[PDB]
Amino acid sequence: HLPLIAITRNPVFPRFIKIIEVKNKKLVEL
Amino acid sequence: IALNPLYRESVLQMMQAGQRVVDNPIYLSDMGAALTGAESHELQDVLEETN
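Respectively, the protein sequence lines represent chains C and B.
Each residue of the first sequence is one higher than the one before, starting from 180 at the first, in the working numbering.
Each residue of the second sequence is one higher than the one before, starting from 344 at the first, in the working numbering.
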């Protein structure tokens, strides 16, 4: 029960390690 | 940029095609053609084209 993450144009293919770089800092608090 | 490095390669990682930040494809094509060593006259000719 957490809010959705701001993917912000970042596809995560199944069974494929990926990196995410969101610009917002409100996600750092969560 | 891998076989003939002129400028840094960080600008391409900052401006990626997966970020959807390419609001102006024309600017990306111009930025890519600016790296070319082609003579200036030819560049003006490239600007002359309408399509």
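Virtual Cβ for every residue (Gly too), placed ideally from N, Cα, C.
Length of the line joining the Cα atoms of residue i and residue j
| i | j | result |
| --- | --- | --- |
| C/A185 | B/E382 | 45 angstroms |
| C/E208 | B/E391 | 52 angstroms |
| B/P368 | C/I196 | 29 angstroms |
| B/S353 | C/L181 | 34 angstroms |
Proximity of residue i and residue j at Cβ, strictly below 8 angstroms
| i | j | result |
| --- | --- | --- |
| C/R188 | B/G361 | yes |
| B/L349 | B/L386 | no |
| B/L371 | B/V365 | yes |
Contacts around residue i, its chain only, beta-carbon distance under 6 angstroms, and the 5 residues preceding and following it disregarded
| i | result |
| --- | --- |
| C/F192 | none |
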